[PDB]
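As structure tokens, one chain now follows by itself in the form deposited in one PDB entry.
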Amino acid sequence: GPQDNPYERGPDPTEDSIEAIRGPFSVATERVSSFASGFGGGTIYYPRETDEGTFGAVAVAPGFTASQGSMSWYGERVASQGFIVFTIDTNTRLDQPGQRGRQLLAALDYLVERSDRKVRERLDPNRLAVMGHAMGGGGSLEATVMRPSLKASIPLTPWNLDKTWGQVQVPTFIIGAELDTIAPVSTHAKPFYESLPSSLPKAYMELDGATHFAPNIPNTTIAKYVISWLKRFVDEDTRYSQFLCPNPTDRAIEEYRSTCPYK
């Protein structure tokens, strides 16, 4: 309940509520011009109801050649669970993971400093996270090295030629696609996960039968655990621990690794 955690938002969760296309908050959007400094603009999805307090935020990057449209479904699916979600475009579609990491941070700074009052008043600027697909997922990793105060990081089918992440301090949930041929899990997702410190709160979820582009369309397995990870780490909301620990066993999951329990 709220008495034991000022960041709890929404009713106590169930598998129904974390699998739902929409959570308990209605959502509005603020579009941000590509002319914004430091990144290519995007769309901010935010909860409309203010009666429970302010919210943490997650910036969400797409992958190589891709635009915010490839990530749009995350916007309201996650924001409706009580988050500000900023699906960005990058400066160019050809940007690499390091560049994408810088841009994720620029998008977060935009939320804190430059966003429309409707967004700004709903934001707890102390509770920020990153997520991204493919090179954008490599960017999520990069952003956490650049800014260790981030609360959470969710690299989705991540791509990065840098395979070493032993300096990461941010709780990181990597989602792999078993059949990925662009960012194969053998050489991207799994080594990244294994390189993160074993004392870091972390998880690896591999999706059975999934291709590289699985994160770009609604996927209930991705959504429910993205929501749970953000709740646990952005909101410190231990009502969501039940879904993360012990390891999920959903049929769609090829394998799951974790450092449960998350103290």
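The term rigid core refers to the most C-alpha atoms you can superpose between the two forms while keeping them within 1.5 Å. Quick note: we count residues from 1 along the sequence shown, nothing fancier.
Although it is not shown, the form deposited in another entry is what the next lines describe.
After superposition on the rigid core, the single residue among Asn216, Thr221, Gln68, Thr54 whose C-alpha moves by 2 Å or more between the shown form and the other one is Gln68. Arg93: CA moves 2 Å or more between the shown form and the other one after rigid-core fitting. Relative to the superposed rigid core, the position of the CA of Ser198 differs between the shown form and the other one by less than 2 Å. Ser37 is among the residues whose C-alpha shifts by 2 Å or more between the shown form and the other one once the rigid core is aligned. Compared with the form shown, the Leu94-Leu105 C-alpha separation decreases in the other form, the change being 3 Å or greater. If you compare C-alpha positions, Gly101 and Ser67 are 3 angstroms or more farther apart in the other form than in the form on display.
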